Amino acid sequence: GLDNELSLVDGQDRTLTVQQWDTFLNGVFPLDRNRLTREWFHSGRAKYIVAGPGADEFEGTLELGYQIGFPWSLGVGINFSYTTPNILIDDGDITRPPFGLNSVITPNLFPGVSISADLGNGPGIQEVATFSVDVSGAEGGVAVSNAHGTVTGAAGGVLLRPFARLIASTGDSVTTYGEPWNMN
């Protein structure tokens, strides 16, 4: 049904209304099985109405999309390393027995694994446009089912804020916002 709506008396006395219908953000288990990944499908409709002078020769653009935000970037690195046995002489006496072999340095003698995880402030708030298209005339107009979206390297919970926007060819714009959906 109708999720949300906003109206604007524009700069040439037209009433511009933009609406969001049937919005669904469907979070799924990530294809990559990566705990830092989020993945979802966006369905919904954007509609517009224009009333007042010139209503029928209205030219504009209609968009549907979402903003996304999460607090931290996270990366994880795991290293395996091994180095074959060796010796270098360090502060050794090579003039007489045992020729500096009483003062050697070796590499690490065993194979080893190390892990390193980095957490930093996130990339901020981003905007995705599911569609952005030309419309004309007083009413319309556009619907989407099962558009795909994803983000990775994310931690602390991913929030998605759906919007619909109408921009008049004339410069005027109104956008309506919905309640956010939690991908965590």
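Don't overthink the numbering: it's just position in the shown sequence, from 1.
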* **Mean C-alpha temperature factor, higher of 54 to 62 and 118 to 126** => 54 to 62
* Pull the Cα B-factor of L166 out of the PDB entry and bin it into the chain's lowest, middle or highest third. => middle
* State the tercile, meaning the lowest, middle or highest third, of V158 with respect to the CA B-factors recorded for its chain. => lowest
* Asked: Is the Cα B-factor recorded for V133 in the lowest, middle or highest third of its chain?
  -> highest
* Structure fact -> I49: C-alpha B-factor third of its chain, per the entry, is the highest
* Give the position of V113 by CA B-factor within its chain, expressed as the lowest, middle or highest third. => middle
